[PDB]
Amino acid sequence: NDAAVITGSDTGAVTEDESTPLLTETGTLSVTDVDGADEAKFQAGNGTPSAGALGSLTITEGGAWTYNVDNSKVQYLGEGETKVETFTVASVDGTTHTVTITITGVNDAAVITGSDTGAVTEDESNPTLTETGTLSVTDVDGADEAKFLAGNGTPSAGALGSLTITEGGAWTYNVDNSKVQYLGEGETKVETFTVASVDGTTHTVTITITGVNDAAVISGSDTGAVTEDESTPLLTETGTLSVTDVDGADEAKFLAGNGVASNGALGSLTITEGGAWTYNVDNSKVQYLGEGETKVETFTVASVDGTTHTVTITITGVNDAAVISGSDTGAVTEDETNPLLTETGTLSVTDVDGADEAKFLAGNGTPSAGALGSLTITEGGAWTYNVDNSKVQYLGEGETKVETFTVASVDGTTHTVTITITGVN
């Protein structure tokens, strides 16, 4: 027996996903046999596969071979990855030939799932705000590709924080708490970070930062003073508060209107958006305060976000002169008694500065120049004048001598008692 000569197309190629559901390749082999044309033909049927062939090859008597493989079975091949399969065909005689099929893989996108959102709040921790989560990845091109590229996610424009992921998919977002202070209550900033699997398939993690209120910082003039009777009918005090607010210029101003007064305040205070305050009180309401006596009134004002500050006003009293009345005159007549001529009367005092000032300094009245007599007064206002009858004898019938005595209330207010001495023969 002489071996057939088998020639023609004995190689073929299919690419993953070139067609569906089958990848198919064809070729024709030709056979000549020197033992005659009954031998110069192929055994029709399946070629004998290499071990671990996924595809199959059939050949006709005429040498027309077809390779078929399920596209589903070659998905695991990565971009450019080759699998070579061989099939043995034979002459009617038994002379063998091999057909060589190459399968070439294409990339399959990774499938990325799991936690791809997170949230941090201003001041939840310090100095760093942290969020964590886990992505997971599958990739039909194999365990080699079913992994993240470890490192930083590519940040959105103007992101404050950063995100790192591990090969297993564990991500960590961190932002400096100092950098998010400027966000107001419930205000949000969204930052995104793009991560990648080995084959360059991307997924986004979206992080929402939420702000909390920062208390305004109020400073400037928060104290003021008025003095009774410095002006009328109002006593007025002004000052300017300043405010900053890290939550922004929207918040760095005052709520215009009245300050909330301390209970028992006699005055009132208004403030402008720009922090200019004005305290007013009716002068008539503070008369009752005595010299140097104080009354402190406080007014609560607020910034836009409700941060409060106190303005403290001190009212200082001044003396009101006592009103002195009652019996401030008296009379004695030469020889009416002996050896003293005596006269009594009672003064009264009332004082706007209070019942505490409604009394006299007890003691001697300050005598007029050349006074013969003298006068004492009690704390209650009862006075007593005495003169020696011997010293008034010189006065003629109906001739008078007027003597005056200055007394004082406890606040220093003076009053005169006037005594008339009348002469006889």
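Numbering starts at 1 and follows the sequence shown.
A summary of the deposited B-factors shows that, of 369-377 and 50-58, the stretch with the larger mean C-alpha value is 50-58. The deposited model assigns a higher average Cα B-factor to 350-358 than to the other stretch when 162-170 and 350-358 are compared. Comparing the C-alpha B-factors of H203, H309, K295, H97 in the entry, the top value falls on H97. In the deposited entry, the Cα temperature factor of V190 sits in the bottom third of values across the chain's modelled residues. Among the modelled residues of the chain, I207 sits in the lowest third by CA temperature factor in this PDB entry.
The entry lists a Cα temperature factor for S242 that places it in the middle third of the chain's modelled residues. In this PDB entry, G153 carries a Cα temperature factor that places it within the lowest third of its chain's modelled residues. Placement of the Cα temperature factor of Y76 within the chain: middle third of the modelled residues, per the deposited record.
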